[PDB]
Amino acid sequence: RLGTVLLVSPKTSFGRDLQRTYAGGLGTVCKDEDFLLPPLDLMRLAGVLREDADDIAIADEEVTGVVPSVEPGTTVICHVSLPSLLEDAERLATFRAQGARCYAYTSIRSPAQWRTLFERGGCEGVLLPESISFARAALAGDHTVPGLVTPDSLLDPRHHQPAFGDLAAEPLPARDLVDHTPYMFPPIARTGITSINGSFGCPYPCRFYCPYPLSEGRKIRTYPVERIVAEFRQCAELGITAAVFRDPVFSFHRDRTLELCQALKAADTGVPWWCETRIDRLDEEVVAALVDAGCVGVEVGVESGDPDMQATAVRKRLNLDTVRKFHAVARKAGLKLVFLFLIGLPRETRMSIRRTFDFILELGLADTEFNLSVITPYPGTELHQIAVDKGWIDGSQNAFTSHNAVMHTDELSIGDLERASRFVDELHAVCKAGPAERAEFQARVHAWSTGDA
Ligand SMILES: N[C@H]1[C@@H](O[C@H]2[C@H](O)[C@@H](O)[C@H](N)C[C@@H]2N)O[C@H](CO)[C@@H](O)[C@@H]1O
Ligand SMILES: C[C@H]1O[C@@H](n2cnc3c(N)ncnc32)[C@H](O)[C@@H]1O
Ligand code: SF4
């Protein structure tokens with residue numbers, strides 16, 4: 001049945017600097033954001049609903065424009081992020097006041113925030129990642145369905161053990177329902193790029209701070225390679241210029257990765273792609289396979305440039321010399337790189353932060369081959385609860401931008417972390433410039449790390 005359905009990534013005061021897909025689907029906000037990705041989750045929902053829906057459309061109001069109004073009676077699904085949960089609850093109440101049977105889609109696993117969605121937003125339910133596979137039943141009324149949160153049984157312990165349905169029978173995302181031209185991925189193409197998943201979840205212990213296992217579960221759940229190949233053929237046929245994999249650890253299964261590479265090569269879709277993965281799930285053979293299969297580059301997590309931080313707080317048992325050797329193998333194979341760094345994990349000191357910057361300049365990374373995040377305690381992670389029990393969070397959640405200093409540790413004050421927060425803007429500007437700016441930035445960081453005012 002279903003009737004008219006409109007899936008909307010609502011408008012916010014953040015603009016397109018808000019990228020709802022990142023940080024485990026809770027959203028990042030990065031000033032002058034040039035990684036503008038399409039509303040993948042809404043497209044997957046459209047893909048599963050499209051069979052039993054009279055009409056269905058997708059509206060990224062930051063691109064297509066704000067939906068003027070809705071006709072009363074139709075379903076509206078909004079994408080609620082974390083740093084804009086209030087604005088998206090307001091948009092959800094706006095659709096409710098026009099007789100829309102409102103729903104909400106989010107990766108937020110915090111019954112406290114769901115409360116705000118049923119109260120201000122007035123949602124007949126809240127949809128979570130697990131719900132996508134069953135998104136039909138959810139709107140048919142069934143509530144024993146995973147990923148669907150009523151305001152009734154708002155504290156069922158099923159919503160912290162994400163039961164994932166049969167991923168292999170999921171329809172392809174309705175990528176044909178969205179003009180991909182306004183979507184950008186600078187390291188590959190400036191127009192018409194799309195996002196894609198080949199697997200979900202992550203089992204690693206750095207779930208202490210990272211939200212990806214919280215949003216997606218601690219179990220790797222893969223799609224069949226032949227579905228991903230079908231997606232690449234779909235992208236070529238639609239005229240999409242690039243495909244960006246959102247898998248937290250794309251190369252987790254090594255043999256599966258080589259098989260997927262060979263299959264993508266055989267398909268000869270001529271679609272270039274990008275992926276995210278751990279350094280310790282990459283070796284020379286797998287890198288060669290990726291470059292050969294059409295992968296332009298990878299985002300890998302280094303987090304810190306301080307050896308002791310690697311042996312403790314980073315929780316990856318990642319060695320800095322392994323990072324160096326991987327840098328050599330990746331440049332020597334022509335794979336583009338973006339190293340992912342993190343400032344302000346508990347146990348971090350000034351000299352630790354400075355040694356991170358020291359590592360970034362030692363490696364000689366262009367401005368485009370690194371990204372620095374400021375530690376933000378995402379609700380549902382162990383770090384957020386330890387941060388509450390220690391009065392660590394000084395900022396409000398509408399600044400839970402992955403780049404705003406919003407919490408201090410037992411070793412660092414928000415003045416130190418806000419200072420570093422601005423030092424990352426300095427590092428980008430200074431990496432755009434020449435050696436003379438990088439030596440005077442490296443002087444400042446040394447002086448700031450020593451003194452300890
Ligand atoms: N792909 C990872 C990476 O995402 C970043 C990306 O590296 C950066 O180049 C963009 N300008 C902003 C974008 N949020 O870093 C983010 C954290 O800052 C992670 O949440 C995300 O999964
Ligand atoms: C998924 C990527 O995002 C970064 N990352 C992981 N957890 C956090 C957090 N709590 N706050 C800010 N950035 C984080 C890491 O660098 C990782 O590589
Ligand atoms: S492996 Fe990557 S995505 Fe997974 S928890 Fe660790 S940092 Fe986060």
# chains A, B, ... in the order shown; residues from 1 in each chain; ligands from 1

call {"tool": "select_by_dssp", "arguments": {"residues": "region 308-413 of chain A", "states": "alpha helix (DSSP H)", "output": "number ranges by chain"}}
result
A: 308-311, 320-332, 350-363, 382-388

call {"tool": "write_last_selection", "arguments": {"atoms": "N, CA, C and O atoms", "output": "short mmCIF file (atom, residue, chain, number, x, y, z; two decimals), in the first residue's frame"}}
result
data_model
loop_
_atom_site.label_atom_id
_atom_site.label_comp_id
_atom_site.auth_asym_id
_atom_site.auth_seq_id
_atom_site.Cartn_x
_atom_site.Cartn_y
_atom_site.Cartn_z
N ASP A 308 53.91 6.56 22.26
CA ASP A 308 53.26 6.02 23.45
C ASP A 308 51.75 6.04 23.31
O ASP A 308 51.08 5.13 23.81
N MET A 309 51.21 7.04 22.63
CA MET A 309 49.78 7.05 22.36
C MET A 309 49.37 5.84 21.54
O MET A 309 48.28 5.29 21.73
N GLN A 310 50.24 5.41 20.62
CA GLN A 310 49.93 4.24 19.81
C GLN A 310 49.88 2.98 20.66
O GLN A 310 49.02 2.11 20.45
N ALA A 311 50.80 2.85 21.62
CA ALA A 311 50.86 1.69 22.50
C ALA A 311 49.74 1.66 23.54
O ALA A 311 49.65 0.67 24.28
N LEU A 320 54.38 3.17 14.43
CA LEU A 320 54.60 4.32 13.56
C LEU A 320 55.49 3.97 12.38
O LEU A 320 55.35 4.55 11.30
N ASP A 321 56.39 2.99 12.56
CA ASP A 321 57.22 2.56 11.44
C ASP A 321 56.41 1.73 10.45
O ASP A 321 56.73 1.72 9.25
N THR A 322 55.37 1.05 10.91
CA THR A 322 54.42 0.43 9.99
C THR A 322 53.68 1.49 9.18
O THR A 322 53.42 1.31 7.99
N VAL A 323 53.33 2.62 9.82
CA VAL A 323 52.72 3.72 9.09
C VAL A 323 53.68 4.25 8.04
O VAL A 323 53.28 4.53 6.90
N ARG A 324 54.96 4.39 8.39
CA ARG A 324 55.95 4.88 7.44
C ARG A 324 56.11 3.92 6.26
O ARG A 324 56.06 4.34 5.09
N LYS A 325 56.26 2.62 6.55
CA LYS A 325 56.40 1.66 5.46
C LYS A 325 55.16 1.62 4.58
O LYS A 325 55.27 1.50 3.35
N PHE A 326 53.97 1.73 5.18
CA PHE A 326 52.77 1.75 4.35
C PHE A 326 52.73 3.00 3.48
O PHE A 326 52.27 2.95 2.33
N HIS A 327 53.19 4.13 4.01
CA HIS A 327 53.27 5.35 3.21
C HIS A 327 54.16 5.12 1.99
O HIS A 327 53.81 5.51 0.86
N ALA A 328 55.28 4.43 2.20
CA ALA A 328 56.19 4.14 1.10
C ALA A 328 55.54 3.22 0.07
O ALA A 328 55.58 3.49 -1.13
N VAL A 329 54.89 2.15 0.54
CA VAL A 329 54.31 1.19 -0.40
C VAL A 329 53.16 1.81 -1.19
O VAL A 329 53.01 1.57 -2.40
N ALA A 330 52.41 2.70 -0.55
CA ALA A 330 51.25 3.28 -1.20
C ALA A 330 51.65 4.33 -2.22
O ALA A 330 51.07 4.39 -3.31
N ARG A 331 52.65 5.16 -1.90
CA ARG A 331 53.11 6.11 -2.90
C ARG A 331 53.82 5.38 -4.03
O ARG A 331 53.66 5.72 -5.20
N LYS A 332 54.56 4.33 -3.69
CA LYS A 332 55.29 3.57 -4.69
C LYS A 332 54.35 2.78 -5.59
O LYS A 332 54.77 2.34 -6.66
N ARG A 350 50.49 17.74 25.62
CA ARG A 350 50.90 18.71 24.61
C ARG A 350 51.95 18.12 23.69
O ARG A 350 51.80 18.14 22.47
N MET A 351 53.01 17.56 24.28
CA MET A 351 54.09 16.95 23.50
C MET A 351 53.57 15.83 22.61
O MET A 351 54.15 15.56 21.55
N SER A 352 52.51 15.14 23.04
CA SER A 352 51.90 14.12 22.19
C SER A 352 51.28 14.76 20.95
O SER A 352 51.50 14.29 19.82
N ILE A 353 50.51 15.82 21.15
CA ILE A 353 49.88 16.54 20.04
C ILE A 353 50.95 17.07 19.10
O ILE A 353 50.85 16.95 17.86
N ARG A 354 52.02 17.61 19.68
CA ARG A 354 53.11 18.17 18.91
C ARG A 354 53.82 17.09 18.12
O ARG A 354 54.25 17.33 16.99
N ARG A 355 53.97 15.91 18.70
CA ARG A 355 54.58 14.81 17.97
C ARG A 355 53.68 14.30 16.86
O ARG A 355 54.18 13.80 15.84
N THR A 356 52.36 14.41 17.01
CA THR A 356 51.46 14.15 15.89
C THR A 356 51.73 15.11 14.74
O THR A 356 51.96 14.69 13.59
N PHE A 357 51.71 16.42 15.02
CA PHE A 357 52.03 17.39 13.97
C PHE A 357 53.42 17.13 13.39
O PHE A 357 53.62 17.22 12.17
N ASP A 358 54.38 16.80 14.25
CA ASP A 358 55.73 16.46 13.83
C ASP A 358 55.71 15.30 12.84
O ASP A 358 56.49 15.28 11.88
N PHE A 359 54.85 14.31 13.09
CA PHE A 359 54.77 13.16 12.20
C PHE A 359 54.17 13.57 10.86
O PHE A 359 54.64 13.12 9.80
N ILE A 360 53.14 14.41 10.89
CA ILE A 360 52.51 14.86 9.65
C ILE A 360 53.51 15.62 8.78
O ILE A 360 53.56 15.41 7.56
N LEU A 361 54.35 16.47 9.39
CA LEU A 361 55.32 17.20 8.57
C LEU A 361 56.53 16.34 8.22
O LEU A 361 57.13 16.54 7.16
N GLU A 362 56.88 15.38 9.08
CA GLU A 362 57.96 14.44 8.77
C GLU A 362 57.62 13.62 7.54
O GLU A 362 58.46 13.46 6.64
N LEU A 363 56.40 13.09 7.49
CA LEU A 363 55.97 12.32 6.33
C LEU A 363 55.87 13.18 5.09
O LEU A 363 55.96 12.66 3.97
N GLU A 382 31.92 4.30 25.25
CA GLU A 382 32.42 4.30 26.62
C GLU A 382 33.07 5.63 26.98
O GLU A 382 32.97 6.09 28.12
N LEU A 383 33.71 6.28 26.01
CA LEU A 383 34.38 7.53 26.29
C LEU A 383 33.38 8.62 26.68
O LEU A 383 33.70 9.48 27.50
N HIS A 384 32.18 8.61 26.10
CA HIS A 384 31.19 9.62 26.45
C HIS A 384 30.72 9.47 27.90
O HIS A 384 30.52 10.47 28.60
N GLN A 385 30.56 8.23 28.36
CA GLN A 385 30.14 8.02 29.74
C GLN A 385 31.26 8.34 30.72
O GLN A 385 31.02 8.92 31.79
N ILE A 386 32.51 7.99 30.38
CA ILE A 386 33.62 8.40 31.24
C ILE A 386 33.75 9.92 31.24
O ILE A 386 34.10 10.52 32.27
N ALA A 387 33.45 10.56 30.12
CA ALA A 387 33.51 12.01 30.04
C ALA A 387 32.42 12.67 30.87
O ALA A 387 32.65 13.72 31.48
N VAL A 388 31.24 12.05 30.95
CA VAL A 388 30.19 12.57 31.81
C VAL A 388 30.58 12.42 33.28
O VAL A 388 30.55 13.39 34.05
#

call {"tool": "residues_near_ligand", "arguments": {"ligand": "ligand 3", "cutoff": "8 Å", "atoms": "only C-alpha atoms and all ligand atoms", "output": "list in words"}}
result
residues 201, 202, 203, 204, 205, 206, 207, 208, 209, 210, 211, 212, 213, 248, 249, 277, 278, 301, 315 and 316 of chain A

call {"tool": "closest_residue", "arguments": {"among": "A:273, A:14, A:378, A:223", "to": "residue 256 (chain A)", "atoms": "only C-alpha atoms"}}
result
A:223

call {"tool": "closest_atom_pairs", "arguments": {"of": "region 184-283 of chain A", "to": "region 104-125 of chain A", "cutoff": "9 Å", "atoms": "only C-alpha atoms", "output": "JSON lines"}}
result
{"residue": "A:214", "atom": "CA", "partner": "A:109", "partner_atom": "CA", "distance": 7.4}
{"residue": "A:215", "atom": "CA", "partner": "A:107", "partner_atom": "CA", "distance": 5.3}
{"residue": "A:216", "atom": "CA", "partner": "A:107", "partner_atom": "CA", "distance": 8.1}

call {"tool": "closest_atom_pairs", "arguments": {"of": "chain A", "to": "ligand 2", "cutoff": "6 Å", "atoms": "only C-alpha atoms and all ligand atoms", "output": "CSV"}}
result
residue,atom,partner,partner_atom_place_in_ligand_line,distance
A:209,CA,ligand 2,10 (N),4.2
A:210,CA,ligand 2,7 (N),3.2
A:301,CA,ligand 2,18 (O),4.1
A:303,CA,ligand 2,16 (O),5.1
A:340,CA,ligand 2,16 (O),4.8
A:341,CA,ligand 2,16 (O),5.0
A:342,CA,ligand 2,16 (O),5.1
A:373,CA,ligand 2,13 (N),4.8
A:374,CA,ligand 2,12 (C),5.2
A:375,CA,ligand 2,11 (N),3.9
A:376,CA,ligand 2,11 (N),4.1
A:377,CA,ligand 2,10 (N),5.4
A:402,CA,ligand 2,12 (C),5.1

call {"tool": "residues_near_ligand", "arguments": {"ligand": "ligand 1", "cutoff": "6 Å", "atoms": "only C-alpha atoms and all ligand atoms", "output": "VMD selection string"}}
result
chain A and resid 22 to 23 28 30 33 to 35 371 373 402

call {"tool": "select_by_dssp", "arguments": {"residues": "region 144-312 of chain A", "states": "strand (DSSP E or B)", "output": "ChimeraX atom specification"}}
result
/A:148-149,184-185,189,193-196,199-200,221-222,242-245,273-277,295-303

call {"tool": "write_last_selection", "arguments": {"atoms": "N, CA, C and O atoms", "output": "compact mmCIF listing (two decimals), in the first residue's frame"}}
result
# COMPACT_ATOMS: atom_id res chain seq x y z
N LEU A 148 13.29 -0.49 14.44
CA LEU A 148 12.13 0.37 14.59
C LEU A 148 11.92 0.65 16.07
O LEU A 148 11.77 -0.29 16.87
N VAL A 149 11.90 1.92 16.44
CA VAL A 149 11.74 2.32 17.83
C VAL A 149 10.41 3.06 17.96
O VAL A 149 10.24 4.15 17.41
N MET A 184 30.27 15.94 -4.76
CA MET A 184 31.69 16.16 -5.03
C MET A 184 32.56 15.19 -4.24
O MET A 184 32.27 14.85 -3.09
N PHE A 185 33.65 14.75 -4.87
CA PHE A 185 34.69 13.98 -4.19
C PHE A 185 36.02 14.39 -4.80
O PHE A 185 36.54 13.73 -5.72
N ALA A 189 36.61 13.22 -8.56
CA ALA A 189 35.79 13.98 -9.48
C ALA A 189 35.06 15.07 -8.71
O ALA A 189 34.77 14.91 -7.52
N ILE A 193 29.39 12.12 -8.19
CA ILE A 193 29.94 10.97 -7.50
C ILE A 193 28.86 10.42 -6.57
O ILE A 193 27.92 11.12 -6.19
N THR A 194 29.01 9.15 -6.20
CA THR A 194 28.06 8.48 -5.33
C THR A 194 28.81 7.75 -4.23
O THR A 194 30.03 7.56 -4.30
N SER A 195 28.08 7.38 -3.19
CA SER A 195 28.60 6.55 -2.11
C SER A 195 28.01 5.15 -2.21
O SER A 195 26.98 4.92 -2.86
N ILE A 196 28.71 4.20 -1.59
CA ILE A 196 28.35 2.79 -1.71
C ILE A 196 28.88 2.07 -0.48
O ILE A 196 29.86 2.49 0.14
N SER A 199 30.14 -3.54 2.90
CA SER A 199 30.04 -4.20 4.19
C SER A 199 29.73 -3.14 5.23
O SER A 199 29.85 -1.94 4.96
N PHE A 200 29.33 -3.60 6.41
CA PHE A 200 29.05 -2.74 7.55
C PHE A 200 29.74 -3.28 8.80
O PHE A 200 30.22 -4.42 8.85
N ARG A 221 29.37 -7.38 8.50
CA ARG A 221 28.31 -7.95 7.67
C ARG A 221 28.55 -7.46 6.25
O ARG A 221 28.53 -6.25 5.99
N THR A 222 28.82 -8.39 5.34
CA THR A 222 29.24 -8.06 3.99
C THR A 222 28.10 -8.22 2.99
O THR A 222 27.20 -9.04 3.17
N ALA A 242 32.08 8.52 -9.85
CA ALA A 242 32.92 7.87 -8.86
C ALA A 242 32.03 7.22 -7.81
O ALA A 242 30.90 7.64 -7.59
N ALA A 243 32.59 6.22 -7.14
CA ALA A 243 31.88 5.49 -6.09
C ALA A 243 32.77 5.45 -4.87
O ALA A 243 33.90 4.95 -4.94
N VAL A 244 32.28 5.95 -3.74
CA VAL A 244 33.06 6.02 -2.51
C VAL A 244 32.49 5.02 -1.51
O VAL A 244 31.33 5.13 -1.09
N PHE A 245 33.32 4.05 -1.11
CA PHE A 245 32.92 3.03 -0.16
C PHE A 245 32.93 3.58 1.26
O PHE A 245 33.92 4.18 1.71
N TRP A 273 36.90 4.50 -7.88
CA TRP A 273 36.33 4.36 -6.55
C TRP A 273 37.38 4.65 -5.48
O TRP A 273 38.57 4.80 -5.76
N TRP A 274 36.88 4.77 -4.25
CA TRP A 274 37.64 5.15 -3.07
C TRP A 274 37.17 4.26 -1.92
O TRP A 274 36.01 3.83 -1.90
N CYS A 275 38.05 3.99 -0.96
CA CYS A 275 37.61 3.16 0.15
C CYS A 275 38.31 3.58 1.45
O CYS A 275 39.29 4.32 1.44
N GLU A 276 37.78 3.07 2.57
CA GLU A 276 38.30 3.32 3.91
C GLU A 276 38.64 2.00 4.57
O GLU A 276 37.86 1.05 4.50
N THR A 277 39.79 1.94 5.24
CA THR A 277 40.21 0.68 5.83
C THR A 277 41.36 0.93 6.79
O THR A 277 41.92 2.03 6.85
N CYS A 295 40.75 1.56 -7.90
CA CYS A 295 40.67 2.33 -6.67
C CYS A 295 41.74 3.42 -6.70
O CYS A 295 42.93 3.14 -6.81
N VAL A 296 41.30 4.67 -6.59
CA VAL A 296 42.20 5.82 -6.68
C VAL A 296 42.96 6.03 -5.37
O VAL A 296 44.13 6.44 -5.38
N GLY A 297 42.32 5.77 -4.23
CA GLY A 297 42.98 6.01 -2.95
C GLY A 297 42.16 5.52 -1.78
O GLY A 297 41.02 5.07 -1.94
N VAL A 298 42.77 5.60 -0.59
CA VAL A 298 42.22 5.06 0.64
C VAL A 298 42.37 6.07 1.77
O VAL A 298 43.28 6.90 1.78
N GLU A 299 41.44 6.01 2.72
CA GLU A 299 41.54 6.75 3.97
C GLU A 299 41.90 5.74 5.05
O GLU A 299 41.16 4.78 5.27
N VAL A 300 43.04 5.94 5.71
CA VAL A 300 43.48 5.03 6.76
C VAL A 300 43.68 5.79 8.06
O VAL A 300 44.05 6.97 8.07
N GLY A 301 43.42 5.09 9.18
CA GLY A 301 43.52 5.69 10.50
C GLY A 301 44.87 5.55 11.19
O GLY A 301 45.30 4.44 11.51
N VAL A 302 45.54 6.68 11.42
CA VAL A 302 46.76 6.70 12.20
C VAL A 302 46.53 7.29 13.59
O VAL A 302 47.22 6.91 14.54
N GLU A 303 45.58 8.22 13.71
CA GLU A 303 45.14 8.86 14.95
C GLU A 303 46.21 9.73 15.59
O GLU A 303 45.97 10.91 15.81

call {"tool": "residues_around", "arguments": {"residues": "residue 431 (chain A)", "least_positions_apart": "6", "cutoff": "9 Å", "atoms": "only C-alpha atoms", "output": "ChimeraX atom specification"}}
result
/A:361,364-367,437-438

call {"tool": "write_last_selection", "arguments": {"atoms": "C-alpha atoms", "output": "mmCIF file, in the first residue's frame"}}
result
data_model
loop_
_atom_site.group_PDB
_atom_site.id
_atom_site.type_symbol
_atom_site.label_atom_id
_atom_site.label_comp_id
_atom_site.auth_asym_id
_atom_site.auth_seq_id
_atom_site.Cartn_x
_atom_site.Cartn_y
_atom_site.Cartn_z
ATOM 1 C CA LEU A 361 55.317 17.195 8.574
ATOM 2 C CA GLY A 364 55.524 15.371 4.124
ATOM 3 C CA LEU A 365 51.784 15.122 3.542
ATOM 4 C CA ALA A 366 50.111 17.513 1.148
ATOM 5 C CA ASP A 367 47.154 19.468 2.476
ATOM 6 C CA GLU A 437 55.639 28.698 6.824
ATOM 7 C CA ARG A 438 56.131 25.055 7.901
#

call {"tool": "closest_residue", "arguments": {"among": "A:147, A:27, A:10, A:38", "to": "residue 62 (chain A)", "atoms": "only C-alpha atoms"}}
result
A:10

call {"tool": "closest_residue", "arguments": {"among": "A:77, A:236, A:414, A:188", "to": "residue 89 (chain A)", "atoms": "only C-alpha atoms"}}
result
A:77

call {"tool": "atom_distance", "arguments": {"atom1": "CA of residue 130 (chain A)", "atom2": "CA of residue 164 (chain A)"}}
result
5.2 Å

call {"tool": "closest_residue", "arguments": {"among": "A:161, A:69, A:241, A:312", "to": "residue 179 (chain A)", "atoms": "only C-alpha atoms"}}
result
A:241

call {"tool": "atom_distance", "arguments": {"atom1": "CA of residue 103 (chain A)", "atom2": "CA of residue 162 (chain A)"}}
result
19.1 Å

call {"tool": "decode", "arguments": {"residues": "region 398-413 of chain A", "atoms": "N, CA, C and O atoms", "output": "PDB file, in the first residue's frame"}}
result
ATOM      1  N   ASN A 398      25.310  20.631  19.901  1.00  0.00           N
ATOM      2  CA  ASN A 398      25.187  21.259  18.590  1.00  0.00           C
ATOM      3  C   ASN A 398      26.528  21.776  18.094  1.00  0.00           C
ATOM      4  O   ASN A 398      26.604  22.357  17.008  1.00  0.00           O
ATOM      5  N   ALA A 399      27.582  21.540  18.871  1.00  0.00           N
ATOM      6  CA  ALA A 399      28.957  21.736  18.443  1.00  0.00           C
ATOM      7  C   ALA A 399      29.732  20.435  18.517  1.00  0.00           C
ATOM      8  O   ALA A 399      30.968  20.454  18.509  1.00  0.00           O
ATOM      9  N   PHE A 400      29.028  19.303  18.573  1.00  0.00           N
ATOM     10  CA  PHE A 400      29.673  18.003  18.478  1.00  0.00           C
ATOM     11  C   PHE A 400      30.079  17.808  17.030  1.00  0.00           C
ATOM     12  O   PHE A 400      29.762  16.801  16.385  1.00  0.00           O
ATOM     13  N   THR A 401      30.760  18.827  16.529  1.00  0.00           N
ATOM     14  CA  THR A 401      31.341  18.827  15.207  1.00  0.00           C
ATOM     15  C   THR A 401      32.628  18.037  15.300  1.00  0.00           C
ATOM     16  O   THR A 401      33.335  18.110  16.309  1.00  0.00           O
ATOM     17  N   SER A 402      32.911  17.247  14.296  1.00  0.00           N
ATOM     18  CA  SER A 402      34.092  16.430  14.587  1.00  0.00           C
ATOM     19  C   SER A 402      35.390  17.241  14.625  1.00  0.00           C
ATOM     20  O   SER A 402      36.497  16.686  14.744  1.00  0.00           O
ATOM     21  N   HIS A 403      35.231  18.564  14.535  1.00  0.00           N
ATOM     22  CA  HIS A 403      36.337  19.493  14.497  1.00  0.00           C
ATOM     23  C   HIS A 403      36.257  20.608  15.536  1.00  0.00           C
ATOM     24  O   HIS A 403      37.101  21.511  15.508  1.00  0.00           O
ATOM     25  N   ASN A 404      35.269  20.601  16.432  1.00  0.00           N
ATOM     26  CA  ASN A 404      35.195  21.595  17.503  1.00  0.00           C
ATOM     27  C   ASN A 404      35.677  20.956  18.800  1.00  0.00           C
ATOM     28  O   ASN A 404      35.178  19.897  19.200  1.00  0.00           O
ATOM     29  N   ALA A 405      36.662  21.590  19.439  1.00  0.00           N
ATOM     30  CA  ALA A 405      37.063  21.213  20.791  1.00  0.00           C
ATOM     31  C   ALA A 405      35.900  21.399  21.756  1.00  0.00           C
ATOM     32  O   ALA A 405      35.509  22.533  22.047  1.00  0.00           O
ATOM     33  N   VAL A 406      35.362  20.299  22.289  1.00  0.00           N
ATOM     34  CA  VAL A 406      34.155  20.345  23.106  1.00  0.00           C
ATOM     35  C   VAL A 406      34.299  19.553  24.390  1.00  0.00           C
ATOM     36  O   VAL A 406      33.379  19.546  25.209  1.00  0.00           O
ATOM     37  N   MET A 407      35.428  18.887  24.596  1.00  0.00           N
ATOM     38  CA  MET A 407      35.667  18.174  25.836  1.00  0.00           C
ATOM     39  C   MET A 407      37.156  18.229  26.134  1.00  0.00           C
ATOM     40  O   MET A 407      37.987  18.224  25.224  1.00  0.00           O
ATOM     41  N   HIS A 408      37.482  18.279  27.419  1.00  0.00           N
ATOM     42  CA  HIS A 408      38.852  18.230  27.901  1.00  0.00           C
ATOM     43  C   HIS A 408      39.092  16.885  28.574  1.00  0.00           C
ATOM     44  O   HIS A 408      38.151  16.145  28.874  1.00  0.00           O
ATOM     45  N   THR A 409      40.359  16.549  28.774  1.00  0.00           N
ATOM     46  CA  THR A 409      40.688  15.306  29.448  1.00  0.00           C
ATOM     47  C   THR A 409      41.151  15.603  30.868  1.00  0.00           C
ATOM     48  O   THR A 409      40.997  16.717  31.378  1.00  0.00           O
ATOM     49  N   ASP A 410      41.728  14.595  31.520  1.00  0.00           N
ATOM     50  CA  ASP A 410      42.379  14.818  32.800  1.00  0.00           C
ATOM     51  C   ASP A 410      43.782  15.374  32.639  1.00  0.00           C
ATOM     52  O   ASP A 410      44.405  15.739  33.638  1.00  0.00           O
ATOM     53  N   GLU A 411      44.280  15.468  31.409  1.00  0.00           N
ATOM     54  CA  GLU A 411      45.626  15.949  31.148  1.00  0.00           C
ATOM     55  C   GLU A 411      45.643  17.184  30.261  1.00  0.00           C
ATOM     56  O   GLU A 411      46.709  17.785  30.089  1.00  0.00           O
ATOM     57  N   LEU A 412      44.495  17.587  29.721  1.00  0.00           N
ATOM     58  CA  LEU A 412      44.389  18.678  28.767  1.00  0.00           C
ATOM     59  C   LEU A 412      43.145  19.489  29.086  1.00  0.00           C
ATOM     60  O   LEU A 412      42.089  18.922  29.372  1.00  0.00           O
ATOM     61  N   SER A 413      43.279  20.813  29.035  1.00  0.00           N
ATOM     62  CA  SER A 413      42.187  21.748  29.262  1.00  0.00           C
ATOM     63  C   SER A 413      41.606  22.202  27.929  1.00  0.00           C
ATOM     64  O   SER A 413      42.289  22.175  26.903  1.00  0.00           O
TER      65      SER A 413
END
